[PDB]
Each structure stands twice: as C-alpha cells, then as structure tokens.
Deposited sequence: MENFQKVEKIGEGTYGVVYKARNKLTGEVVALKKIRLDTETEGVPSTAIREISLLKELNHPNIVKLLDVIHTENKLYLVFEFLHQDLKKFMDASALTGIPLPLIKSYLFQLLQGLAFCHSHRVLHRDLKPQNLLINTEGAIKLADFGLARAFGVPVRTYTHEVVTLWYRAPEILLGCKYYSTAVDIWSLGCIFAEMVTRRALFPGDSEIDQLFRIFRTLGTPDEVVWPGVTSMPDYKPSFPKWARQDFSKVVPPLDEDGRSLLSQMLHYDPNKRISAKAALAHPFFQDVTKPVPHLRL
C-alpha cells in the first residue's frame, strides 16, 4: 500500500503480519496488519470500525486491494506477553494486574453488549501504553475467518486460553468464552506461569480437568452430550484455588473461580464481573514501560 511507510515488522499474527508504519499523509504511525477476501469477511470486518471503546484498539481503516486486506490500527507500543516476560523477575504488581483486568472487563462488557465476541483472547493480543491503559486487539477476526491450526507462517495457534465448551466441540458458543480466556490470563499474570498450557486439544482439556475437576452433569448440565465428550475421560477431583493462584486474595480467587465455571451459563458475565468486590479498591497505576 502506497499510503504507508512500513517502518518495522513488529509481529506475526495468525492471520497476517503486523508492521509499525507511518501514514504518509497524516504522518500518523499505525500498526498495519496484512492478511479478494471472501466477502462476508469484508462486511463483518469493515463493521468493526464503529465498535469503538477506550479499551479496544481503534480500528482506523480497512483497505482491500487485490487479494490483500490491510487493517490499519492505532499503534500501541507493546503487548501483554512481552511486558509479562519483562517482569518474570518480580511479576506485575497486584494493583496494575487489577487495573488491567478491570479495563479488559470494560472492553468486553462493551463488545459483548453489541453482540461481538473476540473468541481468541490471549496475552499476545492485549496491547499496553505508558499511561496505564490496556486494550484488546483482533476482534471479529476470528468470526470473519475462523481460527486455523497453524498461522500463515505455519506457527501453532495456542490453545492455552480456549474455553472448554469450544474444546468439547460446541458449535454455537457465547460471550462466555472470552470470560474464560480472560480468567486464564488473570491467573497467568498473578502467578507468572500459564494456568493451562496444553500442547494439543486433549492435553488442553486434561490440564483443565486436572485443576478444576473432570466435569459431569452435576457441574455442567448437557456436557456428556457435547460432540467430543467421551465417557472414557479420566475422572479427576477438583482442586482448591488457594493452591492454583497464590497469592491472590479471597476476592480475586472468588472472581477467578466464577470466570472459570465449566457451564458457560453460570460463568460470570463481564458486566457482573465489574461489580465484584475485588474491584472496590481498583486504581490505575502507571506501568514501568521500557
């Protein structure tokens, strides 16, 4: 595209590559995502340009030229995964963790009220600035194309944040999947280890089952009728969160437990999450950004 100077490759997506670039007119610097895109795709993506929220990475333009689609986004200078690697040694303080989870819930509360889900939340698509904001990136991209097993660079698309209804074959899942992803990310920022690092689908499910208990009709009506449910699934006993996310306080474990309910129908909504006591004292710290 003529209108942009690519200034650097910043990343590789499932769908495409990201370059930092400069609007050759506005001189705005933007993140330029390179993915005749089969055209529900176009309609459903061009739509996101009005799904605007402070904790949503602004989608400034879509440009469809030849067999290429560029998505043009406000540039944020880094992602949650690098910031969390940048704080292995100490971890993100708790007050910043809370503020991020709060901001992310606001993002989701908004998308979800407009019936839009992300479906692929993960630290790599949460972008942070130096003013203590965090935003969700890559919406409607999973609806508009479905998520593949490799990326365009043949890289493995991670299952670590994927809700159990999706892993169980559910075709028609809901805004709850994103709450499950955000729960996994919340536990990961507190402990500095991913919570469920599956390396395949059945490994992902079994790491889930090992921590939260193999699900049954007690905890999740309808689950034994799911498409990839098997009676032969080993029966693991649930485990106490106090062990899973120390040192989260009671209010944060209580909220985590609700974002991780097996039954998407019981899993706390974003709206409800925003009201939980864990946020009574939430403040917006400044990240240490390097």
Stretches with no C-alpha atoms in the model, relative to the deposited sequence starting at 1
36-42, 298
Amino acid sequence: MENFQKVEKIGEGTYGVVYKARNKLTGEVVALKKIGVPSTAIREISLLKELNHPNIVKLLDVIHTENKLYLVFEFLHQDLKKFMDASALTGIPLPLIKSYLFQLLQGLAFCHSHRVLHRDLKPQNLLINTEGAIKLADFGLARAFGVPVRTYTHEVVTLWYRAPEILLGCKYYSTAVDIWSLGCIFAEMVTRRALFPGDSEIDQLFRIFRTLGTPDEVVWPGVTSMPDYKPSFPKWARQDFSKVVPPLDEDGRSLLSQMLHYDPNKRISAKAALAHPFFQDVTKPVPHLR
From here on, numbers count along this sequence of modelled residues.
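Here, rigid core means the biggest group of C-alpha atoms that superpose within 1.5 Å across both forms.
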Should one compare 190-198 and 68-76 by root mean square Cα distance from the shown form in 8 other deposited structures of this protein, core superposed, the larger belongs to 68-76
Do the Cα atoms of 158-166 stray more than those of 127-135 in 8 other deposited structures of this protein, or is it the other way round, with the core held fixed?
158-166
Among other entries of this protein with both neighbours modelled, does residue 234 go without coordinates in a third or more of them?
no
Looking across the other entries that model both neighbours, is residue 36 missing in at least a third?
yes
Averaging CA B factors per stretch from the PDB record, which one is higher: 231-239 or 37-45?
37-45
So which stretch wins on mean C-alpha B-factor, 100-108 or 150-158?
150-158
Of the choices 165, 85, 216, 201, which one's C-alpha carries the largest B-factor in the record?
85
Take the CA temperature factors straight from the PDB entry and tell me which of 220, 139, 75, 209 peaks.
139
So where's residue 255 on the chain's Cα temperature factor ranking, which third?
lowest
Split into thirds by Cα B-factor across the chain's modelled residues, where does residue 59 land: lowest, middle or highest?
middle
In terms of the CA temperature factor given in the entry, to which third of its chain does residue 176 belong: lowest, middle or highest?
lowest
Third assignment of residue 183 from its chain's C-alpha B-factors:
lowest
Ranked against its chain, the third holding the CA B-factor of residue 66:
highest
